[PDB]
Amino acid sequence: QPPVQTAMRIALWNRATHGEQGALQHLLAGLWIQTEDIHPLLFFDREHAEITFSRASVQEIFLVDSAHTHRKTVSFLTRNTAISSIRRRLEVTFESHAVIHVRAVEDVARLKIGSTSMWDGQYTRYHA
């Protein structure tokens, strides 16, 4: 059997699988490292409702203006800390309690512009 906290994630996961309980987001809270060089990183700061985007020299935060769960997908509308003009849409699709797939789309000024992103790809939550 796995460690305690690990089971809690699976327990929490089960409540979101068919349970469709309020929070699937609770599984996102923490550090996520991209799969497939230097790995892009996502940290979902639950306390401050932020999402920090990192890749070496690249580091930046977007405050969550909204967040909605549907089935197995959390859809974020985030906004840059410095400039309100620059925002970012996220499509976090869970595969497992510690495995997701992210799609990101920038939104400068007010029209969303959506080619492939450096943040697009599979992520796995960090565990020691």
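Each value in this text was obtained by applying a stated rule to the coordinates, not by laboratory testing. As a convention, Cβ positions derive from the backbone with ideal geometry for all residues, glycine included, and neighbour counts pool all protein chains shown.
Name the residues in region 77-91 that are touching a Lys or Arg at 6+ places or on another chain (Cβ under 8 Å) and either of a type outside the set (S, T, Y) or within 27 Å of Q5 (Cα to Cα) (or both), would you?
Correct list: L77, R79, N80, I86, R87, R88, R89, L90, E91.
Would you pick out the residues in region 4-34 that are part of a loop (DSSP other than H, G, I, E, B) and surrounded by 11 or more Cβ atoms within 10 Å (Cβ to Cβ)? Before the answer, list the steps.
Keep residues of region 4-34 that are part of a loop (DSSP other than H, G, I, E, B), which gives 18-24, 28.
Of everything in region 4-34, those that are part of a loop (DSSP other than H, G, I, E, B) and surrounded by 11 or more Cβ atoms within 10 Å (Cβ to Cβ) turn out to be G19, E20, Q21, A23, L24, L28.
Go through the residues of region 48-62 one by one and say whether even a single one is within 10 Å of the chain's Cα centre (by Cα), of a type in the set (A, V, I, L, M, F, W, C) and over 18 Å from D107 (Cα atoms).
No, because not a single residue in region 48-62 is within 10 Å of the chain's Cα centre (by Cα), of a type in the set (A, V, I, L, M, F, W, C) and over 18 Å from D107 (Cα atoms).
This table checks each residue for (1) more than 16 Å from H26 (Cα to Cα); (2) assigned to a strand (DSSP E or B); (3) of a type in the set (G, A, S).
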position	(1), (2), (3)
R88	yes, yes, no
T93	no, yes, no
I100	no, yes, no
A109	yes, no, yes
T124	no, yes, no
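Under 14 Å from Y123 (Cα atoms) and touching a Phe, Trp or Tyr at 6+ places or on another chain (Cβ under 8 Å), is that true of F43?
It is true that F43 is under 14 Å from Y123 (Cα atoms) and touching a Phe, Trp or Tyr at 6+ places or on another chain (Cβ under 8 Å).
Taking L24 as the residue in question, decide whether it is touching a helix residue (DSSP H, G or I) at 6+ places or on another chain (Cβ under 8 Å) and within 13 Å of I100 (Cβ to Cβ).
yes
If you take the residues in region 70-128 that are under 15 Å from the mean Cα position of the chain (by Cα) and small (G, A, S), which one is nearest to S57 (Cα to Cα)?
Taking the candidates together, the pick is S117.
Do we find that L111 is surrounded by 12 or more Cβ atoms within 10 Å (Cβ to Cβ) and not basic (K, R) in this structure?
Working: surrounded by 12 or more Cβ atoms within 10 Å (Cβ to Cβ): no; not basic (K, R): yes.
Against the criterion (surrounded by 12 or more Cβ atoms within 10 Å (Cβ to Cβ) and not basic (K, R)), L111 does not qualify.
Sort out which residues of region 71-86 are of a type in the set (S, T, N, Q) and in a strand (DSSP E or B), and write them in order of number. Walk me through it before giving the result.
Applying the first criterion (of a type in the set (S, T, N, Q)) to region 71-86 yields 73, 75, 78, 80-81, 84-85.
Passing the criteria: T73, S75, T78, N80.
Being in contact with a helix residue (DSSP H, G or I) (Cβ under 7 Å, 6 or more places away or on another chain), more than 16 Å from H127 (Cβ to Cβ) and not β-branched (V, I, T) narrows it down to one residue among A67, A82; which is it?
Checking each option against the conditions leaves just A67.
Among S66, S84, which is loosely packed, with under 14 Cβ neighbours inside 10 Å and more than 17 Å from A104 (Cα to Cα)?
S84
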